[PDB]
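Step one of this worksheet: look at the structure below.
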Amino acid sequence: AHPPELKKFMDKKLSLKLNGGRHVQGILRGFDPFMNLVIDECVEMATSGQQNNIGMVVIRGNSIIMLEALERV
Amino acid sequence: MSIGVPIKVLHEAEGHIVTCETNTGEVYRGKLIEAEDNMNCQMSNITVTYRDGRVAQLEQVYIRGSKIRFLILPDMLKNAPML
Amino acid sequence: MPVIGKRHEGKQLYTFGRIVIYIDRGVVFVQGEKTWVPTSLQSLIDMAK
Amino acid sequence: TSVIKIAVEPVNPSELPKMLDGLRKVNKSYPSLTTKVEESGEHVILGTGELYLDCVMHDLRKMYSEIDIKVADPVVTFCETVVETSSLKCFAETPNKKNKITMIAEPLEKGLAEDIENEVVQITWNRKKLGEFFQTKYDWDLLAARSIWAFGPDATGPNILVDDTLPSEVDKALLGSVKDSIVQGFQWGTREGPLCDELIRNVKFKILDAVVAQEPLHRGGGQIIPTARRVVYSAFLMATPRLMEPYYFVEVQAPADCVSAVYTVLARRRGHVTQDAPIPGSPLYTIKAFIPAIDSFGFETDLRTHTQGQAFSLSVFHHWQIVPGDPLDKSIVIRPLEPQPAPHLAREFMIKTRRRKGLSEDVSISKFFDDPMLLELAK
Amino acid sequence: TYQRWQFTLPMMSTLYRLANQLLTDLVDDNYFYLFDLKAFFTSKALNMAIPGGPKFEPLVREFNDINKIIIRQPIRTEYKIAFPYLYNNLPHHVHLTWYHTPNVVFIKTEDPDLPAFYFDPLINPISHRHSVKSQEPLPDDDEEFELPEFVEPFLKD
Amino acid sequence: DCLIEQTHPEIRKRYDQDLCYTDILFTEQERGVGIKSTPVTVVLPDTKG
RNA sequence: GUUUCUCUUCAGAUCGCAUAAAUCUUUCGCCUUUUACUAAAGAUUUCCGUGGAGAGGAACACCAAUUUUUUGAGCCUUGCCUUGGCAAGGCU
């Protein structure tokens, strides 16, 4: 079927690497057929390593180019 | 439906060791686990080469389909009953 | 004493002191280096001291 | 367990080395097969059942040897057991007279012998864990249950050696030096058994005295080990010995009208029926029964012929059960060609096995008992 | 030349019951257990007869200690047909007999009025009805699964 | 047999008679009872291919 | 193209879901003798039929909305590289 087999990764702690050289790290709970993610406890990794905290975020599917686990399935 | 010969060879590739290069220029080298019909791969136990030289090891990774621009499938597959 | 769990030609092996023997309806065969040697009872005793 | 026993001899004695070559080749082919030569010089083949042995005998003749071989009638292995407590405390003194061992034999309380073959308890376990098992399940005294020394004739054998001697009466340190020798003889004695050179089963042995020489030469080997074997035999013979026959479990499919015929065939062969039920969503009926393995020979061919081929039966090995009769009853006369009355069976089976083994027809009690104990038996 | 014939099933279904007086109603070959061609050959290669079988002129024209033999039951001649390498010596030219076939269980419908598939009374009623009712992983009701418009049971027409 | 027939195109069952492929012994085929554990190694596809 | 008839060749096959006789060598049996026999084995042939192939005759005849194909394009600055370009980096 069309959904990504992302079911494994849920509630484990992800890093993402986003289009345009951006990085965010997250505990995950969402996916839909386009891979639109809903990330929780989401940190923004700025260029300089000055880190922000931000709340729950949606991501557009096409913006992702990798999706990595910081703590295992 | 006519999902042709290449994606079947991708499913055939699973459980081996494949190399996989993304738009940005990062080169991954990892053991495959599953691959979907739009080429979303999961990959395990990777040694990644960065664009500028550096190596790193990784636990597990999932690589969006449209973001790839080759895989290096393991040569023994040339015999496979898809071909 | 019997050599527990080991047999030769289906016959039960016994130890006689330090000697490995089997009995074939009274004939004493001593385990030599590569062959079983039929042995008199007296010579069995005098090899087992 | 490969319970069914047939014996072979070659038609020409000069050809006997060729037969041995054949026997080694089948032994590789069939995993559960056991080939043994007993003290009588009989070549013996053990097998799980009728059709199993039939294929073994085909392969021996046609595939490997290509010689003429005589085949003896099928027989079953028997086991030796006790049903009652030893009437007399049996003691044996070693040949140097410097050591005295006393034992008694009793049955394993209806069940424990099964559990050990199922590996539910193991002598590799610590004595506390061993003690807890025996106390909780079987209500052993913990003092007894800690005092367990071996299983026999092997590490999962259905017989247990218990040291019931008090430390105030026997020096446990001195006893401990000779402990290992006792175990060895105990396993040995259970392996042979005194009635017909078949295994001892379901017997619990307690030691109730040990006099041990202070000098290492006189204890701890050549004196103790046969004497230990002898005292085990004396204790067993006084504890009302009995033979155990193997029973098969049988399952039969048949149409309803054939069911009554199945009962008839079983009744000839000392069979007992334990279930008979319709299998749901079919016309056939299952029947289930126990039958004695020695009586089982030909049963399948009987059942199918009487029921016009409609019934069919498979058979598998299951519990040992005590043979009717007394094996030591000298009064019984066995008349060679007749199918003997049931009370005689224990007498019959013991004699004929010994004959087949080449043993003396009757057990000289004097052989194993010391002269004071024979005087005690006389008194 | 009248070599080959090809008939429809209503023809065959009639011809069978015209012939019915001659035929025998054995559904399966289990009946002939030691009564087939192979069993007789064993009874001819040995010199020893099956009770109801035919008879022939024979093809040809310590260990034996009776006191060691437990004559529990007589070695009835059928047994030497069934296992000719065990209960017998010198099995020259003997044939292995076909051991068994599974009991064909066919239920003859007596009258054509009844539906062809029906729980005929000869068949034992299935006692089973889930009493200790198990809660195996059946998905929850209305959990987002619906079929497309036109799927149906394959041969429903 | 049905695996082998799927896997080996030249091999087909006879219409009248079962193709007992693993029953390699005449003895075994005469009885109609399997008597030896016979191994078979084949590669055969999943639903995924 | 379907039937037919004839010829040639190979038959491994329940060549046949059926079942005959003959010869020879032996073991037998009634038996003056011999056919004609008996009934088992083996080697053999004969006969009633058959299949496959080939030759020839005859008779009737569709979607541009993230996952590929209707585009995040395109533009600069640094180092090296003889130049060319490469490694990038930064932009809108």
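Identifiers in this document derive from the order of the structure tokens: chains are assigned A, B, ..., residues are numbered from 1 separately in each chain, and ligands are numbered from 1 in order of occurrence.
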What's the 12 Å shell around residue 36 (chain A), counting only C-alpha atoms (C1' of nucleotides), without same-chain residues fewer than 2 positions away, as a ChimeraX atom specification? /A:3-4,6,28-34,38-39,57-64 /B:64 /G:66
Got time to write the residues from that selection, N, CA and C atoms (P, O5', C5', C4', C3', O3' and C1' of nucleotides), as a PDB file, in the first residue's frame?
```
ATOM      1  N   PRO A   3       1.240   3.980   2.209  1.00  0.00           N
ATOM      2  CA  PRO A   3       1.971   4.574   3.347  1.00  0.00           C
ATOM      3  C   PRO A   3       3.407   4.097   3.436  1.00  0.00           C
ATOM      4  N   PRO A   4       4.324   4.964   3.872  1.00  0.00           N
ATOM      5  CA  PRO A   4       5.648   4.503   4.305  1.00  0.00           C
ATOM      6  C   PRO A   4       5.557   3.528   5.472  1.00  0.00           C
ATOM      7  N   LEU A   6       6.984   3.407   8.208  1.00  0.00           N
ATOM      8  CA  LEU A   6       7.570   4.195   9.279  1.00  0.00           C
ATOM      9  C   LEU A   6       7.082   3.789  10.662  1.00  0.00           C
ATOM     10  N   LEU A  28       9.201  11.156  17.847  1.00  0.00           N
ATOM     11  CA  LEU A  28       8.323  11.160  16.686  1.00  0.00           C
ATOM     12  C   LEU A  28       6.964  10.605  17.093  1.00  0.00           C
ATOM     13  N   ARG A  29       5.881  11.234  16.586  1.00  0.00           N
ATOM     14  CA  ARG A  29       4.597  10.563  16.377  1.00  0.00           C
ATOM     15  C   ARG A  29       3.704  11.245  15.334  1.00  0.00           C
ATOM     16  N   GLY A  30       4.019  11.000  14.063  1.00  0.00           N
ATOM     17  CA  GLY A  30       3.078  11.129  12.968  1.00  0.00           C
ATOM     18  C   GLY A  30       3.668  10.476  11.742  1.00  0.00           C
ATOM     19  N   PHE A  31       2.800  10.002  10.839  1.00  0.00           N
ATOM     20  CA  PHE A  31       3.086   9.934   9.402  1.00  0.00           C
ATOM     21  C   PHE A  31       1.782   9.844   8.622  1.00  0.00           C
ATOM     22  N   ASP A  32       1.816  10.315   7.376  1.00  0.00           N
ATOM     23  CA  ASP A  32       0.682  10.117   6.480  1.00  0.00           C
ATOM     24  C   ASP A  32       1.307   9.646   5.155  1.00  0.00           C
ATOM     25  N   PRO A  33       0.520   9.252   4.056  1.00  0.00           N
ATOM     26  CA  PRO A  33       1.149   8.738   2.814  1.00  0.00           C
ATOM     27  C   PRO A  33       2.218   9.587   2.122  1.00  0.00           C
ATOM     28  N   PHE A  34       2.228  10.895   2.369  1.00  0.00           N
ATOM     29  CA  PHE A  34       3.248  11.785   1.835  1.00  0.00           C
ATOM     30  C   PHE A  34       4.514  11.877   2.680  1.00  0.00           C
ATOM     31  N   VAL A  38       4.987  14.442  12.281  1.00  0.00           N
ATOM     32  CA  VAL A  38       4.685  15.299  13.428  1.00  0.00           C
ATOM     33  C   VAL A  38       5.686  14.988  14.534  1.00  0.00           C
ATOM     34  N   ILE A  39       6.583  15.928  14.795  1.00  0.00           N
ATOM     35  CA  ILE A  39       7.694  15.712  15.712  1.00  0.00           C
ATOM     36  C   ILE A  39       7.398  16.370  17.062  1.00  0.00           C
ATOM     37  N   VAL A  57       5.647  20.398  15.742  1.00  0.00           N
ATOM     38  CA  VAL A  57       5.843  20.959  14.403  1.00  0.00           C
ATOM     39  C   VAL A  57       5.334  19.938  13.379  1.00  0.00           C
ATOM     40  N   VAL A  58       4.851  20.422  12.196  1.00  0.00           N
ATOM     41  CA  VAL A  58       4.543  19.550  11.065  1.00  0.00           C
ATOM     42  C   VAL A  58       5.745  19.679  10.132  1.00  0.00           C
ATOM     43  N   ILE A  59       6.061  18.651   9.345  1.00  0.00           N
ATOM     44  CA  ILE A  59       7.074  18.789   8.309  1.00  0.00           C
ATOM     45  C   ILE A  59       6.442  18.412   6.976  1.00  0.00           C
ATOM     46  N   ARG A  60       6.790  19.132   5.907  1.00  0.00           N
ATOM     47  CA  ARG A  60       6.302  18.749   4.589  1.00  0.00           C
ATOM     48  C   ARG A  60       7.133  17.550   4.141  1.00  0.00           C
ATOM     49  N   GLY A  61       6.488  16.593   3.451  1.00  0.00           N
ATOM     50  CA  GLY A  61       7.156  15.359   3.030  1.00  0.00           C
ATOM     51  C   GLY A  61       8.414  15.543   2.196  1.00  0.00           C
ATOM     52  N   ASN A  62       8.306  16.317   1.110  1.00  0.00           N
ATOM     53  CA  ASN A  62       9.379  16.511   0.132  1.00  0.00           C
ATOM     54  C   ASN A  62      10.645  17.169   0.689  1.00  0.00           C
ATOM     55  N   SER A  63      10.546  17.869   1.816  1.00  0.00           N
ATOM     56  CA  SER A  63      11.682  18.489   2.489  1.00  0.00           C
ATOM     57  C   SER A  63      12.681  17.524   3.129  1.00  0.00           C
ATOM     58  N   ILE A  64      12.412  16.224   3.203  1.00  0.00           N
ATOM     59  CA  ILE A  64      13.281  15.323   3.957  1.00  0.00           C
ATOM     60  C   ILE A  64      14.248  14.711   2.949  1.00  0.00           C
TER      61      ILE A  64
ATOM     62  N   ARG B  64      14.400   8.717   2.058  1.00  0.00           N
ATOM     63  CA  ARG B  64      13.259   9.033   1.189  1.00  0.00           C
ATOM     64  C   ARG B  64      13.595   8.708  -0.268  1.00  0.00           C
TER      65      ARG B  64
ATOM     66  P     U G  66       2.054  15.471  -5.758  1.00  0.00           P
ATOM     67  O5'   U G  66       3.466  16.153  -6.056  1.00  0.00           O
ATOM     68  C5'   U G  66       3.900  17.256  -5.266  1.00  0.00           C
ATOM     69  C4'   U G  66       5.220  17.016  -4.566  1.00  0.00           C
ATOM     70  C3'   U G  66       5.689  15.571  -4.443  1.00  0.00           C
ATOM     71  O3'   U G  66       7.114  15.562  -4.336  1.00  0.00           O
ATOM     72  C1'   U G  66       5.217  16.435  -2.287  1.00  0.00           C
TER      73        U G  66
END
```
Counting only C-alpha atoms (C1' of nucleotides), collect the residues of chain G whose closest atom lies at most 9 Å from chain B, and write them out as a ChimeraX atom specification. /G:67-68,87-88
Those selected residues, please, written with N, CA, C and O atoms (P, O5', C5', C4', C3', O3' and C1' of nucleotides) and delivered as a PDB file, in the first residue's frame.
```pdb
ATOM      1  P     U G  67       8.059  15.238  -5.597  1.00  0.00           P
ATOM      2  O5'   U G  67       7.740  13.723  -5.985  1.00  0.00           O
ATOM      3  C5'   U G  67       8.091  12.639  -5.129  1.00  0.00           C
ATOM      4  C4'   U G  67       7.722  11.307  -5.743  1.00  0.00           C
ATOM      5  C3'   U G  67       6.227  11.087  -5.926  1.00  0.00           C
ATOM      6  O3'   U G  67       5.979  10.097  -6.928  1.00  0.00           O
ATOM      7  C1'   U G  67       7.035   9.558  -4.341  1.00  0.00           C
ATOM      8  P     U G  68       5.571  10.520  -8.423  1.00  0.00           P
ATOM      9  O5'   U G  68       6.720  11.519  -8.875  1.00  0.00           O
ATOM     10  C5'   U G  68       7.051  11.676 -10.247  1.00  0.00           C
ATOM     11  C4'   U G  68       8.520  11.944 -10.425  1.00  0.00           C
ATOM     12  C3'   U G  68       8.997  11.991 -11.872  1.00  0.00           C
ATOM     13  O3'   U G  68      10.115  12.883 -11.972  1.00  0.00           O
ATOM     14  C1'   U G  68      10.049  10.198 -10.775  1.00  0.00           C
ATOM     15  P     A G  87      33.960  19.063  -8.214  1.00  0.00           P
ATOM     16  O5'   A G  87      34.609  19.607  -6.862  1.00  0.00           O
ATOM     17  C5'   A G  87      35.321  18.757  -5.972  1.00  0.00           C
ATOM     18  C4'   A G  87      35.931  19.542  -4.833  1.00  0.00           C
ATOM     19  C3'   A G  87      34.912  20.277  -3.967  1.00  0.00           C
ATOM     20  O3'   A G  87      34.308  19.479  -2.969  1.00  0.00           O
ATOM     21  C1'   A G  87      36.629  21.755  -4.539  1.00  0.00           C
ATOM     22  P     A G  88      32.753  19.084  -3.097  1.00  0.00           P
ATOM     23  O5'   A G  88      31.916  20.432  -3.295  1.00  0.00           O
ATOM     24  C5'   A G  88      31.375  21.204  -2.226  1.00  0.00           C
ATOM     25  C4'   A G  88      32.277  22.297  -1.710  1.00  0.00           C
ATOM     26  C3'   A G  88      31.547  23.449  -1.036  1.00  0.00           C
ATOM     27  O3'   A G  88      31.156  23.156   0.292  1.00  0.00           O
ATOM     28  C1'   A G  88      33.174  24.308  -2.510  1.00  0.00           C
TER      29        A G  88
END
```
Using backbone DSSP assignments, extract all alpha helix (DSSP H) residues from chain B; output them as JSON, numbers by chain. {"B": [5, 6, 7, 8, 9, 10, 11, 12, 13]}
If we count only C-alpha atoms (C1' of nucleotides), what is near residue 75 (chain G) at a cut-off of 12 Å, once residues fewer than 4 positions away on the same chain are taken out, given as an MDAnalysis selection string? chainID G and resid 90:92
Would you write out those residues with C-alpha atoms (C1' of nucleotides), as a PDB file, in the first residue's frame?
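Full text of result29.pdb as output:
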```
ATOM      1  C1'   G G  90      26.999  32.236  -0.283  1.00  0.00           C
ATOM      2  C1'   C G  91      22.650  34.135  -2.404  1.00  0.00           C
ATOM      3  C1'   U G  92      18.171  35.683  -4.121  1.00  0.00           C
TER       4        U G  92
END
```
Can you list, as a list in words, every protein, DNA or RNA residue that comes within 8 Å of region 247-263 of chain D when you count only C-alpha atoms (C1' of nucleotides), leaving out same-chain residues fewer than 5 positions away?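 So, after excluding close chain neighbours, the residues are residues 273, 283, 284, 285, 286, 287, 288, 289, 290, 291, 292, 293, 296, 303, 306, 307, 310, 311, 312, 313, 314, 315, 316, 317, 318, 319, 320 and 321 of chain D.
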Taking N, CA and C atoms for each residue, export the selection above as a CSV table (one decimal), in the first residue's frame.
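So selection.csv came out as:
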```csv
chain,number,residue,atom,x,y,z
D,273,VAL,N,-9.4,-51.4,26.7
D,273,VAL,CA,-9.8,-50.2,26.0
D,273,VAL,C,-10.0,-49.1,26.9
D,283,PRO,N,-17.8,-39.9,9.4
D,283,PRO,CA,-18.4,-41.2,9.9
D,283,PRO,C,-17.5,-42.1,10.7
D,284,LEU,N,-16.2,-42.0,10.6
D,284,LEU,CA,-15.3,-43.0,11.3
D,284,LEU,C,-15.3,-42.7,12.8
D,285,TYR,N,-15.0,-43.8,13.5
D,285,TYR,CA,-14.8,-43.7,15.0
D,285,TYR,C,-13.3,-44.0,15.3
D,286,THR,N,-12.8,-43.2,16.3
D,286,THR,CA,-11.5,-43.6,16.9
D,286,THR,C,-11.8,-44.5,18.1
D,287,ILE,N,-11.0,-45.5,18.2
D,287,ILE,CA,-10.9,-46.4,19.4
D,287,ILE,C,-9.4,-46.3,19.9
D,288,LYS,N,-9.3,-46.2,21.2
D,288,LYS,CA,-7.9,-46.2,21.8
D,288,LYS,C,-7.8,-47.2,22.9
D,289,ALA,N,-6.6,-47.9,22.9
D,289,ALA,CA,-6.5,-49.0,23.8
D,289,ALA,C,-5.0,-49.2,24.1
D,290,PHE,N,-4.8,-49.8,25.3
D,290,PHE,CA,-3.5,-50.3,25.7
D,290,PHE,C,-3.4,-51.8,25.4
D,291,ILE,N,-2.2,-52.3,25.0
D,291,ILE,CA,-2.1,-53.7,24.7
D,291,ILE,C,-0.6,-54.1,25.1
D,292,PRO,N,-0.4,-55.3,25.5
D,292,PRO,CA,1.0,-55.7,25.9
D,292,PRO,C,1.8,-56.0,24.6
D,293,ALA,N,3.0,-55.5,24.5
D,293,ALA,CA,3.8,-55.5,23.3
D,293,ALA,C,4.2,-56.9,22.9
D,296,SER,N,1.3,-58.1,21.1
D,296,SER,CA,0.9,-57.2,19.9
D,296,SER,C,1.3,-57.8,18.6
D,303,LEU,N,-6.6,-57.4,12.9
D,303,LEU,CA,-7.6,-56.4,12.9
D,303,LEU,C,-8.1,-56.0,11.5
D,306,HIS,N,-10.2,-59.2,10.0
D,306,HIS,CA,-11.5,-59.4,10.6
D,306,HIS,C,-12.5,-58.3,10.2
D,307,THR,N,-12.0,-57.1,9.9
D,307,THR,CA,-12.9,-56.0,9.6
D,307,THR,C,-13.0,-55.7,8.1
D,310,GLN,N,-11.3,-52.4,6.6
D,310,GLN,CA,-11.8,-51.1,6.9
D,310,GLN,C,-11.0,-50.4,8.0
D,311,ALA,N,-10.7,-51.2,9.1
D,311,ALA,CA,-10.0,-50.7,10.2
D,311,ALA,C,-8.5,-50.6,9.9
D,312,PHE,N,-7.8,-49.7,10.6
D,312,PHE,CA,-6.4,-49.6,10.5
D,312,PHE,C,-5.8,-49.1,11.9
D,313,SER,N,-4.6,-49.5,12.2
D,313,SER,CA,-4.1,-49.3,13.6
D,313,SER,C,-2.6,-48.9,13.5
D,314,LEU,N,-2.3,-47.9,14.3
D,314,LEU,CA,-0.9,-47.6,14.6
D,314,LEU,C,-0.6,-47.8,16.1
D,315,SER,N,0.6,-48.1,16.4
D,315,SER,CA,1.0,-48.5,17.8
D,315,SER,C,2.3,-47.9,18.2
D,316,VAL,N,2.5,-47.5,19.4
D,316,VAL,CA,3.6,-46.7,19.9
D,316,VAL,C,3.8,-47.1,21.4
D,317,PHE,N,5.1,-46.9,21.8
D,317,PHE,CA,5.5,-47.4,23.1
D,317,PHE,C,5.2,-46.4,24.2
D,318,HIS,N,4.8,-46.9,25.4
D,318,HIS,CA,4.1,-46.3,26.5
D,318,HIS,C,4.6,-47.1,27.7
D,319,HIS,N,3.8,-47.0,28.8
D,319,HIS,CA,4.3,-47.3,30.1
D,319,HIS,C,4.7,-48.8,30.3
D,320,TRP,N,5.6,-49.0,31.2
D,320,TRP,CA,5.8,-50.4,31.8
D,320,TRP,C,4.7,-50.6,32.8
D,321,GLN,N,4.3,-51.9,32.9
D,321,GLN,CA,3.4,-52.4,33.8
D,321,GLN,C,3.8,-53.7,34.3
```
Starting from chain F, keep only residues with some atom at most 12 Å from an atom of chain D, counting only C-alpha atoms, and report them as a ChimeraX atom specification. /F:25-28,30-31,33-37
Saved selection, atoms kept: N, CA and C atoms, as a compact mmCIF listing (two decimals), in the first residue's frame:
```txt
# COMPACT_ATOMS: atom_id res chain seq x y z
N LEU F 25 13.60 -44.91 -3.00
CA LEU F 25 13.88 -46.34 -2.87
C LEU F 25 12.72 -47.15 -3.42
N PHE F 26 13.04 -48.14 -4.27
CA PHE F 26 12.09 -49.18 -4.70
C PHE F 26 11.27 -49.78 -3.56
N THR F 27 11.96 -50.18 -2.48
CA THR F 27 11.35 -50.60 -1.22
C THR F 27 10.30 -49.61 -0.74
N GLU F 28 10.69 -48.34 -0.70
CA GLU F 28 9.83 -47.26 -0.25
C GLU F 28 8.65 -47.05 -1.20
N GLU F 30 7.46 -49.47 -3.29
CA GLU F 30 6.65 -50.69 -3.29
C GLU F 30 5.66 -50.70 -2.15
N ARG F 31 6.13 -50.38 -0.94
CA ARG F 31 5.27 -50.30 0.24
C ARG F 31 4.24 -49.19 0.10
N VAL F 33 4.95 -46.45 1.70
CA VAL F 33 5.19 -45.84 3.00
C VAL F 33 6.59 -45.25 2.96
N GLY F 34 6.71 -43.96 3.26
CA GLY F 34 8.01 -43.33 3.36
C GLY F 34 8.82 -43.87 4.53
N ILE F 35 10.07 -44.22 4.28
CA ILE F 35 10.93 -44.86 5.28
C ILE F 35 12.23 -44.11 5.51
N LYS F 36 12.65 -43.19 4.65
CA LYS F 36 13.89 -42.44 4.82
C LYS F 36 13.64 -40.95 4.68
N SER F 37 14.17 -40.18 5.63
CA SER F 37 14.13 -38.72 5.62
C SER F 37 15.00 -38.18 4.48
```
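Interatomic distance, CA of residue 121 (chain D) to CA of residue 133 (chain D): 7.7 Å.
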Ranking E:17, E:104, E:61, E:77 by minimum distance to chain G and counting only C-alpha atoms (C1' of nucleotides), which one comes first? E:61
List the spatial neighbours of residue 51 (chain A) as a list in words - criterion: any atom at most 12 Å away, only C-alpha atoms (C1' of nucleotides), same-chain residues fewer than 5 positions off excluded.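 The residues that qualify are residues 23, 24, 25, 42, 43, 44, 45 and 46 of chain A.
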For residue 175 (chain D), list every protein, DNA or RNA residue within 12 Å, evaluated using only C-alpha atoms (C1' of nucleotides), and leave out those in the same chain fewer than 2 positions away; present the list as number ranges by chain. D: 99-101, 163, 165-167, 169-173, 177-182, 207, 209-214, 216, 219-220, 224
Just the selected residues (C-alpha atoms), exported as a PDB file, in the first residue's frame, please.
```pdb
ATOM      1  CA  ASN D  99      34.043 -53.689  55.610  1.00  0.00           C
ATOM      2  CA  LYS D 100      30.294 -54.213  56.086  1.00  0.00           C
ATOM      3  CA  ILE D 101      27.604 -52.607  53.890  1.00  0.00           C
ATOM      4  CA  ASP D 163      22.349 -42.650  52.237  1.00  0.00           C
ATOM      5  CA  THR D 165      23.029 -43.615  57.754  1.00  0.00           C
ATOM      6  CA  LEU D 166      23.424 -41.264  60.717  1.00  0.00           C
ATOM      7  CA  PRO D 167      26.691 -39.280  61.098  1.00  0.00           C
ATOM      8  CA  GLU D 169      26.884 -44.083  63.575  1.00  0.00           C
ATOM      9  CA  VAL D 170      29.006 -43.826  60.397  1.00  0.00           C
ATOM     10  CA  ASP D 171      31.901 -41.396  59.886  1.00  0.00           C
ATOM     11  CA  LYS D 172      30.675 -39.326  56.908  1.00  0.00           C
ATOM     12  CA  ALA D 173      34.272 -38.294  56.129  1.00  0.00           C
ATOM     13  CA  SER D 177      36.173 -41.499  50.630  1.00  0.00           C
ATOM     14  CA  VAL D 178      34.336 -44.663  49.495  1.00  0.00           C
ATOM     15  CA  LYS D 179      31.209 -42.785  48.256  1.00  0.00           C
ATOM     16  CA  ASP D 180      32.214 -42.729  44.565  1.00  0.00           C
ATOM     17  CA  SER D 181      32.905 -46.497  44.483  1.00  0.00           C
ATOM     18  CA  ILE D 182      29.388 -47.215  45.849  1.00  0.00           C
ATOM     19  CA  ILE D 207      21.950 -47.499  52.958  1.00  0.00           C
ATOM     20  CA  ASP D 209      25.019 -49.017  57.825  1.00  0.00           C
ATOM     21  CA  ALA D 210      28.562 -48.678  56.548  1.00  0.00           C
ATOM     22  CA  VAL D 211      31.646 -50.108  58.240  1.00  0.00           C
ATOM     23  CA  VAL D 212      34.737 -48.880  56.368  1.00  0.00           C
ATOM     24  CA  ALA D 213      38.393 -49.853  56.810  1.00  0.00           C
ATOM     25  CA  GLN D 214      40.789 -47.136  57.958  1.00  0.00           C
ATOM     26  CA  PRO D 216      42.943 -47.185  51.912  1.00  0.00           C
ATOM     27  CA  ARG D 219      38.462 -49.987  51.290  1.00  0.00           C
ATOM     28  CA  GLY D 220      37.661 -48.042  48.197  1.00  0.00           C
ATOM     29  CA  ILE D 224      33.597 -52.537  48.024  1.00  0.00           C
TER      30      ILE D 224
END
```
